[PDB]
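my_file-v8.cif, holding mmCIF, C-alpha atoms and all ligand atoms:
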data_entry
loop_
_atom_site.label_atom_id
_atom_site.label_comp_id
_atom_site.auth_asym_id
_atom_site.auth_seq_id
_atom_site.Cartn_x
_atom_site.Cartn_y
_atom_site.Cartn_z
CA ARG M 12 -32.69 -15.85 -0.55
CA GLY M 13 -30.29 -15.59 1.53
CA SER M 14 -28.18 -18.04 3.67
CA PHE M 15 -25.22 -20.18 2.39
CA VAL M 16 -23.41 -21.52 5.55
CA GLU M 17 -21.26 -23.97 3.59
CA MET M 18 -19.74 -21.14 1.46
CA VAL M 19 -19.05 -18.81 4.41
CA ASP M 20 -15.29 -18.55 5.17
CA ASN M 21 -14.32 -20.46 1.98
CA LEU M 22 -11.54 -17.92 1.19
CA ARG M 23 -8.02 -17.83 2.62
CA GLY M 24 -4.77 -16.07 1.86
CA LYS M 25 -1.83 -14.15 3.19
CA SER M 26 -1.52 -10.35 3.34
CA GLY M 27 -0.75 -9.00 -0.14
CA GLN M 28 -0.78 -12.50 -1.72
CA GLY M 29 -4.49 -12.46 -2.76
CA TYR M 30 -7.54 -14.48 -1.75
CA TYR M 31 -7.90 -18.08 -2.82
CA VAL M 32 -10.65 -20.70 -2.92
CA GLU M 33 -10.31 -24.48 -2.92
CA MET M 34 -11.21 -26.15 -6.26
CA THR M 35 -10.93 -29.65 -7.83
CA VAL M 36 -10.05 -30.35 -11.43
CA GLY M 37 -10.20 -33.70 -13.30
CA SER M 38 -11.34 -37.28 -12.63
CA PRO M 39 -10.38 -38.49 -9.96
CA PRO M 40 -10.44 -34.92 -8.45
CA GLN M 41 -7.14 -33.01 -8.05
CA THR M 42 -7.44 -30.38 -5.28
CA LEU M 43 -5.85 -26.96 -5.93
CA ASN M 44 -5.99 -23.52 -4.24
CA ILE M 45 -7.06 -20.91 -6.78
CA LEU M 46 -6.74 -17.12 -6.56
CA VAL M 47 -10.10 -15.34 -6.98
CA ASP M 48 -9.68 -12.60 -9.62
CA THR M 49 -12.50 -10.27 -10.81
CA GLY M 50 -9.84 -8.47 -12.89
CA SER M 51 -9.34 -11.22 -15.52
CA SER M 52 -11.27 -13.94 -17.40
CA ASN M 53 -9.15 -17.10 -17.66
CA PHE M 54 -9.18 -20.16 -15.43
CA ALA M 55 -5.41 -21.00 -15.51
CA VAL M 56 -3.54 -23.45 -13.30
CA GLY M 57 0.08 -24.46 -12.80
CA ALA M 58 0.62 -27.76 -14.66
CA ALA M 59 4.37 -28.30 -14.25
CA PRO M 60 6.64 -28.54 -11.18
CA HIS M 61 7.59 -24.87 -10.73
CA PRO M 62 9.62 -24.71 -7.45
CA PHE M 63 7.24 -22.14 -5.80
CA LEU M 64 4.23 -24.46 -6.18
CA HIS M 65 2.84 -26.80 -3.50
CA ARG M 66 1.06 -28.80 -6.23
CA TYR M 67 -0.02 -28.67 -9.88
CA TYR M 68 -2.51 -30.01 -12.37
CA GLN M 69 -1.35 -33.43 -13.81
CA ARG M 70 -3.45 -33.83 -16.99
CA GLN M 71 -2.08 -37.45 -17.50
CA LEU M 72 -4.05 -38.54 -14.36
CA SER M 73 -7.43 -37.27 -15.52
CA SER M 74 -9.81 -39.46 -17.59
CA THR M 75 -12.04 -36.43 -18.26
CA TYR M 76 -9.27 -34.20 -19.66
CA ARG M 77 -9.79 -33.09 -23.28
CA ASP M 78 -7.05 -31.31 -25.25
CA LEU M 79 -8.09 -28.22 -27.26
CA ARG M 80 -4.74 -28.36 -29.23
CA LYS M 81 -4.27 -24.61 -28.87
CA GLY M 82 -1.74 -22.54 -26.95
CA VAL M 83 -2.35 -19.32 -25.00
CA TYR M 84 0.21 -16.52 -24.39
CA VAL M 85 -0.63 -13.93 -21.67
CA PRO M 86 1.87 -11.10 -21.11
CA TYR M 87 0.56 -8.36 -18.80
CA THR M 88 2.09 -5.32 -17.06
CA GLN M 89 3.73 -7.06 -14.14
CA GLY M 90 4.49 -10.51 -15.61
CA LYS M 91 3.48 -13.29 -18.02
CA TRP M 92 1.97 -16.79 -18.16
CA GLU M 93 1.62 -19.16 -21.07
CA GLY M 94 -0.13 -22.49 -21.37
CA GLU M 95 -2.00 -25.13 -23.26
CA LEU M 96 -5.75 -25.01 -23.54
CA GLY M 97 -7.97 -27.90 -22.61
CA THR M 98 -11.22 -28.74 -20.84
CA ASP M 99 -11.93 -30.85 -17.76
CA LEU M 100 -14.48 -31.34 -14.98
CA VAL M 101 -14.25 -28.72 -12.21
CA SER M 102 -15.91 -28.44 -8.79
CA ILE M 103 -15.73 -26.06 -5.80
CA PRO M 104 -15.86 -28.19 -2.59
CA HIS M 105 -17.04 -25.23 -0.44
CA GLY M 106 -19.36 -23.90 -3.17
CA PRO M 107 -22.45 -25.13 -5.05
CA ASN M 108 -22.91 -28.93 -5.13
CA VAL M 109 -22.23 -29.15 -8.93
CA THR M 110 -19.51 -30.27 -11.38
CA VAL M 111 -18.99 -28.44 -14.66
CA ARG M 112 -16.91 -28.92 -17.83
CA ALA M 113 -14.74 -25.82 -18.05
CA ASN M 114 -11.92 -24.44 -20.11
CA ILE M 115 -8.55 -24.71 -18.28
CA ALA M 116 -5.23 -23.17 -19.40
CA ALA M 117 -2.51 -25.55 -18.19
CA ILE M 118 0.38 -23.13 -17.33
CA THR M 119 3.66 -24.44 -18.70
CA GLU M 120 5.78 -21.28 -18.40
CA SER M 121 5.51 -18.03 -16.48
CA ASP M 122 7.45 -15.09 -15.13
CA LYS M 123 6.64 -13.05 -11.98
CA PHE M 124 3.19 -14.72 -11.98
CA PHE M 125 3.38 -17.24 -9.10
CA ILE M 126 4.32 -15.79 -5.69
CA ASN M 127 7.26 -17.33 -3.77
CA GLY M 128 5.74 -18.37 -0.46
CA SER M 129 2.02 -18.24 -1.36
CA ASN M 130 -0.45 -21.12 -1.00
CA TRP M 131 -2.18 -20.94 -4.43
CA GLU M 132 -1.33 -22.63 -7.76
CA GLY M 133 -3.83 -21.11 -10.19
CA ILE M 134 -6.16 -18.23 -10.95
CA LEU M 135 -9.94 -18.01 -11.41
CA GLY M 136 -10.73 -15.18 -13.78
CA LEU M 137 -14.29 -14.09 -12.95
CA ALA M 138 -14.65 -11.21 -15.47
CA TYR M 139 -16.30 -11.48 -18.96
CA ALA M 140 -15.33 -13.24 -22.23
CA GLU M 141 -14.44 -9.94 -23.94
CA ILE M 142 -11.06 -9.89 -22.05
CA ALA M 143 -10.34 -13.66 -22.00
CA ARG M 144 -7.12 -14.88 -23.67
CA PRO M 145 -6.64 -15.73 -26.58
CA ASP M 146 -10.07 -14.20 -27.49
CA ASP M 147 -13.79 -14.02 -26.46
CA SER M 148 -14.53 -17.52 -27.88
CA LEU M 149 -12.84 -19.05 -24.79
CA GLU M 150 -15.81 -19.25 -22.41
CA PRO M 151 -14.86 -18.12 -18.81
CA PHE M 152 -15.55 -20.44 -15.88
CA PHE M 153 -18.57 -18.59 -14.42
CA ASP M 154 -20.29 -18.48 -17.85
CA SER M 155 -19.83 -22.35 -18.12
CA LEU M 156 -21.12 -22.72 -14.57
CA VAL M 157 -24.31 -20.71 -15.32
CA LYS M 158 -24.82 -22.49 -18.75
CA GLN M 159 -24.52 -26.04 -17.32
CA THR M 160 -26.31 -25.74 -14.00
CA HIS M 161 -29.20 -23.89 -12.32
CA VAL M 162 -26.69 -21.81 -10.29
CA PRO M 163 -28.01 -18.18 -10.50
CA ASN M 164 -25.93 -15.69 -12.54
CA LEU M 165 -24.52 -13.84 -9.53
CA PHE M 166 -21.67 -14.17 -7.03
CA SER M 167 -20.70 -12.06 -4.01
CA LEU M 168 -17.40 -11.42 -2.19
CA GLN M 169 -16.69 -10.57 1.42
CA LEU M 170 -12.91 -9.98 1.67
CA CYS M 171 -12.00 -9.69 5.39
CA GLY M 172 -8.34 -8.73 5.53
CA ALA M 173 -6.29 -9.78 8.63
CA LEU M 183 2.72 -12.97 7.20
CA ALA M 184 -0.79 -12.50 8.66
CA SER M 185 -3.54 -14.82 7.35
CA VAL M 186 -6.55 -13.30 5.60
CA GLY M 187 -10.02 -14.76 5.11
CA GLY M 188 -13.34 -14.15 3.47
CA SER M 189 -16.32 -15.59 1.60
CA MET M 190 -17.19 -16.10 -2.01
CA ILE M 191 -20.94 -16.82 -2.20
CA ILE M 192 -21.53 -18.46 -5.59
CA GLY M 193 -25.07 -18.05 -6.95
CA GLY M 194 -26.35 -15.81 -4.17
CA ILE M 195 -26.11 -13.30 -1.35
CA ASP M 196 -25.62 -14.17 2.33
CA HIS M 197 -27.44 -11.52 4.44
CA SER M 198 -25.26 -12.20 7.55
CA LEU M 199 -22.17 -10.82 5.75
CA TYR M 200 -23.34 -7.20 5.60
CA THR M 201 -25.19 -4.54 7.63
CA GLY M 202 -27.57 -1.86 6.28
CA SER M 203 -28.73 -1.96 2.67
CA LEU M 204 -27.03 -2.90 -0.61
CA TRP M 205 -26.64 0.02 -3.05
CA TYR M 206 -26.17 -0.82 -6.74
CA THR M 207 -24.07 0.77 -9.46
CA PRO M 208 -24.50 -0.28 -13.14
CA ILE M 209 -21.87 -2.40 -14.85
CA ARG M 210 -21.04 0.05 -17.68
CA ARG M 211 -19.87 -2.68 -20.04
CA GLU M 212 -19.35 -6.41 -19.67
CA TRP M 213 -15.53 -6.84 -20.11
CA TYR M 214 -13.90 -5.95 -16.78
CA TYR M 215 -16.46 -5.15 -14.03
CA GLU M 216 -16.47 -1.53 -15.23
CA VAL M 217 -18.19 1.15 -13.10
CA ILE M 218 -18.43 4.95 -13.11
CA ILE M 219 -17.20 7.12 -10.25
CA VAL M 220 -19.07 10.46 -10.21
CA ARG M 221 -17.48 12.36 -7.29
CA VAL M 222 -14.51 11.98 -4.90
CA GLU M 223 -14.35 13.43 -1.38
CA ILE M 224 -11.55 13.37 1.25
CA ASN M 225 -13.11 13.90 4.71
CA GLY M 226 -16.25 15.21 2.87
CA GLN M 227 -14.16 17.77 0.95
CA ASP M 228 -14.80 17.38 -2.80
CA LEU M 229 -11.66 17.00 -4.99
CA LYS M 230 -13.49 19.25 -7.55
CA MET M 231 -12.07 17.51 -10.58
CA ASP M 232 -13.79 17.05 -13.94
CA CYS M 233 -15.42 13.62 -13.25
CA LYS M 234 -13.99 12.14 -16.48
CA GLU M 235 -10.56 12.19 -14.72
CA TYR M 236 -11.85 9.68 -12.08
CA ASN M 237 -12.55 7.13 -14.82
CA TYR M 238 -9.64 7.84 -17.19
CA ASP M 239 -9.56 5.43 -19.05
CA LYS M 240 -11.81 3.08 -16.98
CA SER M 241 -12.75 2.32 -13.36
CA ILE M 242 -12.97 -1.36 -12.35
CA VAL M 243 -13.69 -3.62 -9.33
CA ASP M 244 -10.68 -5.99 -9.01
CA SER M 245 -10.21 -8.64 -6.24
CA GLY M 246 -6.83 -9.58 -7.82
CA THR M 247 -5.25 -6.15 -6.96
CA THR M 248 -4.29 -5.07 -3.43
CA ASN M 249 -4.28 -1.26 -3.69
CA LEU M 250 -6.77 1.40 -4.54
CA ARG M 251 -5.18 2.58 -7.84
CA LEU M 252 -6.07 6.07 -9.10
CA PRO M 253 -5.34 7.85 -12.42
CA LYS M 254 -2.19 9.98 -11.98
CA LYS M 255 -3.99 13.38 -11.90
CA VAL M 256 -6.51 12.05 -9.36
CA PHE M 257 -3.78 10.43 -7.24
CA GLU M 258 -1.94 13.83 -7.26
CA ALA M 259 -5.06 15.68 -5.99
CA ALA M 260 -6.02 12.96 -3.45
CA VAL M 261 -2.49 12.87 -1.91
CA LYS M 262 -2.38 16.71 -1.71
CA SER M 263 -5.72 16.60 0.15
CA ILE M 264 -4.79 13.61 2.42
CA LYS M 265 -1.41 15.29 3.30
CA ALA M 266 -3.34 18.51 4.24
CA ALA M 267 -5.91 16.66 6.48
CA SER M 268 -3.12 14.63 8.20
CA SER M 269 -0.72 17.66 8.65
CA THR M 270 -0.47 17.37 12.53
CA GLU M 271 2.17 14.69 11.69
CA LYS M 272 4.61 15.08 8.79
CA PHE M 273 5.84 12.09 6.73
CA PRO M 274 8.53 11.80 3.99
CA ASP M 275 7.53 12.17 0.28
CA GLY M 276 8.50 8.50 -0.24
CA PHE M 277 5.71 7.29 2.11
CA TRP M 278 2.91 8.73 -0.13
CA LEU M 279 4.58 7.07 -3.15
CA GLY M 280 4.88 3.69 -1.39
CA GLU M 281 8.72 3.93 -1.33
CA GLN M 282 8.85 3.87 2.52
CA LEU M 283 6.91 2.69 5.59
CA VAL M 284 5.64 4.61 8.62
CA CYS M 285 5.74 3.27 12.23
CA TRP M 286 4.14 4.02 15.62
CA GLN M 287 4.68 2.26 18.98
CA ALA M 288 2.36 -0.80 18.83
CA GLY M 289 -1.25 0.07 19.74
CA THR M 290 -0.82 3.89 19.40
CA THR M 291 -1.54 4.36 15.58
CA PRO M 292 -3.17 7.85 15.20
CA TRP M 293 -6.08 6.69 12.96
CA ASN M 294 -8.01 9.89 13.94
CA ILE M 295 -5.51 12.10 12.04
CA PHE M 296 -6.08 10.24 8.73
CA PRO M 297 -9.11 11.22 6.59
CA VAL M 298 -11.96 9.02 5.29
CA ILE M 299 -12.11 8.61 1.47
CA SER M 300 -15.50 8.61 -0.31
CA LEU M 301 -16.19 7.47 -3.83
CA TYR M 302 -19.61 8.40 -5.21
CA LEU M 303 -20.78 5.86 -7.72
CA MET M 304 -23.42 6.16 -10.48
CA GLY M 305 -26.71 4.85 -9.05
CA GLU M 306 -29.57 2.84 -10.60
CA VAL M 307 -31.82 5.88 -11.38
CA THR M 308 -31.33 8.97 -13.58
CA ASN M 309 -29.52 11.69 -11.63
CA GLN M 310 -29.13 9.45 -8.52
CA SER M 311 -25.82 8.30 -6.91
CA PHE M 312 -24.63 6.77 -3.60
CA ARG M 313 -21.29 6.89 -1.85
CA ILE M 314 -18.97 4.31 -0.37
CA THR M 315 -16.53 5.50 2.34
CA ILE M 316 -13.30 3.80 3.47
CA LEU M 317 -11.14 4.44 6.55
CA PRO M 318 -7.31 4.65 7.00
CA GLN M 319 -7.71 1.09 8.44
CA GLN M 320 -8.35 0.02 4.79
CA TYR M 321 -5.77 2.23 3.00
CA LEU M 322 -2.82 2.05 5.50
CA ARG M 323 -1.79 -1.59 5.26
CA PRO M 324 0.22 -3.42 7.94
CA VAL M 325 3.69 -4.57 6.77
CA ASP M 333 6.19 -1.15 16.63
CA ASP M 334 3.23 -1.09 14.17
CA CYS M 335 4.46 -0.34 10.61
CA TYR M 336 2.30 0.51 7.52
CA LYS M 337 2.48 1.01 3.74
CA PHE M 338 0.32 3.68 1.98
CA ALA M 339 -1.85 1.50 -0.25
CA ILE M 340 -3.26 4.13 -2.59
CA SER M 341 -1.19 4.43 -5.73
CA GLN M 342 -1.05 6.04 -9.16
CA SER M 343 -2.24 4.18 -12.24
CA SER M 344 -2.00 4.49 -16.03
CA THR M 345 -4.82 1.93 -16.46
CA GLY M 346 -7.58 3.89 -14.64
CA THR M 347 -9.10 3.47 -11.19
CA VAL M 348 -8.70 -0.03 -9.73
CA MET M 349 -10.91 -0.75 -6.77
CA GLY M 350 -8.73 -3.47 -5.26
CA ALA M 351 -8.69 -5.05 -1.79
CA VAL M 352 -8.28 -1.52 -0.18
CA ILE M 353 -11.90 -0.85 -1.29
CA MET M 354 -13.28 -4.41 -1.23
CA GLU M 355 -12.23 -5.05 2.39
CA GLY M 356 -14.65 -2.36 3.59
CA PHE M 357 -17.65 -3.89 1.79
CA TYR M 358 -19.73 -6.91 0.90
CA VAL M 359 -19.64 -6.73 -2.93
CA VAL M 360 -22.39 -8.33 -5.05
CA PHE M 361 -21.48 -9.02 -8.73
CA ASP M 362 -25.11 -9.20 -9.95
CA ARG M 363 -24.26 -10.30 -13.49
CA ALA M 364 -27.97 -11.14 -14.19
CA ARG M 365 -28.94 -7.46 -13.72
CA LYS M 366 -25.65 -5.92 -15.02
CA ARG M 367 -24.97 -4.19 -11.71
CA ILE M 368 -22.64 -4.31 -8.68
CA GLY M 369 -23.96 -3.96 -5.13
CA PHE M 370 -22.05 -2.60 -2.14
CA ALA M 371 -23.01 -2.85 1.52
CA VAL M 372 -21.03 -2.25 4.74
CA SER M 373 -19.11 -5.47 5.46
CA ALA M 374 -19.86 -7.20 8.80
CA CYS M 375 -16.05 -8.00 9.01
CA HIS M 376 -14.43 -4.61 8.07
CA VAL M 377 -11.70 -3.19 10.32
CA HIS M 378 -12.72 0.01 12.14
CA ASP M 379 -12.53 1.87 15.50
CA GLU M 380 -14.96 3.33 18.06
CA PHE M 381 -15.17 6.68 16.21
CA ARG M 382 -15.57 5.78 12.50
CA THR M 383 -16.85 2.82 10.40
CA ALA M 384 -16.81 2.24 6.62
CA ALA M 385 -20.15 3.37 5.09
CA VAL M 386 -22.50 2.97 2.12
CA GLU M 387 -24.93 5.92 1.94
CA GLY M 388 -27.57 7.32 -0.39
CA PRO M 389 -29.43 8.50 -2.34
CA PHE M 390 -27.64 11.64 -3.55
CA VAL M 391 -28.62 13.95 -6.44
CA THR M 392 -25.82 13.95 -9.03
CA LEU M 393 -26.33 15.48 -12.48
CA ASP M 394 -24.51 14.68 -15.81
CA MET M 395 -23.33 11.27 -14.53
CA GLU M 396 -23.11 9.82 -18.07
CA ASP M 397 -20.49 12.53 -18.87
CA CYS M 398 -18.19 10.91 -16.22
CA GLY M 399 -17.55 7.87 -18.40
CA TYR M 400 -14.46 7.97 -20.63
CA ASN M 401 -14.85 7.39 -24.37
CA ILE M 402 -12.04 6.86 -26.91
CA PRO M 403 -12.31 9.60 -29.65
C1 LIG J 1 -7.24 -8.79 -18.81
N1 LIG J 1 -6.07 -9.43 -18.22
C2 LIG J 1 -5.73 -9.49 -16.93
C3 LIG J 1 -4.54 -10.18 -16.85
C4 LIG J 1 -3.76 -10.50 -15.61
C5 LIG J 1 -3.40 -9.25 -14.80
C6 LIG J 1 -2.74 -9.62 -13.46
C7 LIG J 1 -2.43 -8.44 -12.54
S1 LIG J 1 -3.94 -7.62 -11.96
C8 LIG J 1 -5.15 -8.89 -11.91
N2 LIG J 1 -6.36 -8.46 -11.52
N3 LIG J 1 -4.95 -10.14 -12.29
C9 LIG J 1 -3.61 -10.68 -12.68
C10 LIG J 1 -2.87 -11.29 -11.46
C11 LIG J 1 -3.43 -11.14 -10.19
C12 LIG J 1 -2.82 -11.66 -9.07
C13 LIG J 1 -1.65 -12.35 -9.23
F1 LIG J 1 -1.03 -12.81 -8.13
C14 LIG J 1 -1.06 -12.57 -10.45
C15 LIG J 1 -1.68 -12.01 -11.54
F2 LIG J 1 -1.08 -12.14 -12.75
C16 LIG J 1 -4.01 -11.85 -13.64
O1 LIG J 1 -4.58 -11.40 -14.87
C17 LIG J 1 -4.21 -10.53 -18.22
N4 LIG J 1 -5.14 -10.08 -19.04
#
Would you mind giving the structure from this file in structure tokens?
Amino acid sequence: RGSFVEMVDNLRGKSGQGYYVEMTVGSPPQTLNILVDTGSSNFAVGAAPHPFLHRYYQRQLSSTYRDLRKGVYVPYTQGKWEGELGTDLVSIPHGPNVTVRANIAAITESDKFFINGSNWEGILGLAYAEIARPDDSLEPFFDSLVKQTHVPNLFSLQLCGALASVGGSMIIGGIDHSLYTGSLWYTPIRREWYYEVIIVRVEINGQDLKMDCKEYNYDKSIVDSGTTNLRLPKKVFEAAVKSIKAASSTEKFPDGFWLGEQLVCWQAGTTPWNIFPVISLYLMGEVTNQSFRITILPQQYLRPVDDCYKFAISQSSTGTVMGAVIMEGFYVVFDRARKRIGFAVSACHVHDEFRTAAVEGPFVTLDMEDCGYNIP
């Protein structure tokens, strides 16, 4: 359905600084680079001359700007942004040939939000209204896009990985079959807030972690393009590291490396990928008692920083976060229309002659509903 040439390679970025898409806001159009984030729900752009910014939204130059006369305050774990709500006309030059009236938070103050040295000036929150700030009445961009146009209620992301430049594709309103190999396998979206999914089993080199599956999703598991690492609940991180250390034991590394406090280096071109295990996440499938598994390589979880690397699996207190470490192995379809997320082997994933990332199924998995966490 099935080919979108003009949207292929519409994402850029720098290692660890996120993936961005070009957008225009206002009349006449003001071009801005916007970080693509499936982990949030606000469209928010710099609107004042912060030193780190290449450019910013100048509301005084737009005839289509409309003030909502309402502020928005967004503290989060690692920083904060605040702004003034309004609406304006928005387009995506390397996206669908449409213009929509969307909510825009004009960022007037922030802390640890913008990245010194990055090439983006705003964020595109692609998740659902439930988690939008200040509340669910502030319609997210994608919802406005689907309401105002005939663009189908789906988008897909191919994040390619390799400060080294990164690239990828955001296919808005469809799937591009050239971006993946094999078949797409779908997992249900548990609830429409974050893109919440259920992990039913975890294996390290095919060796099951043997944990109560509720631990894998404590307190949620999400698909997040705005996070670099694969983040795991503390207990799961503890078991995964123990197992990865055991499989990779032919070479010893300091405790700091596994905690991300130190790097590891090998003479350029000699990285011993073969000693590092593959990581498999089994996800809840579309049918009762049926699952599938996605498998990533050390090429996804050992990130380049003499070839030096950071261990990009880390502990979380906010549940599993399937960030770029997962997304870079796969073509990911956010099939909002059918409340499901599809995964297929990415045609751009980094691998070697011995192993490739994989999406396999079906598998028989019982009691999968018990894997989801519920607040008592
Ligand atoms: C629900 N909600 C998310 C939020 C925040 C969480 C942060 C960190 S993780 C992420 N995926 N996006 C954010 C984020 C991502 C990349 C970045 F360079 C700066 C950021 F702030 C934006 O939404 C606020 N409320």
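One distance worth recording is that between CA of residue 233 in chain M and CA of residue 400 in chain M, which is 9.3 Å.
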Problem - Selection within 7 Å of ligand LIG 1 (chain J) by all atoms listed in the file, output as number ranges by chain - result: M: 28-29, 48-52, 85-87, 89-90, 124-126, 142-144, 244-247
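Note that CA of residue 108 in chain M and CA of residue 136 in chain M are 20.3 Å apart.
The space separating CA of residue 278 in chain M from CA of residue 255 in chain M comes to 14.4 Å.
Taking only C-alpha atoms, the non-local environment of residue 321 in chain M within 9 Å (same-chain residues fewer than 4 positions away omitted) comprises residues 249, 250, 316, 317, 337, 338, 339, 340, 352 and 353 of chain M.
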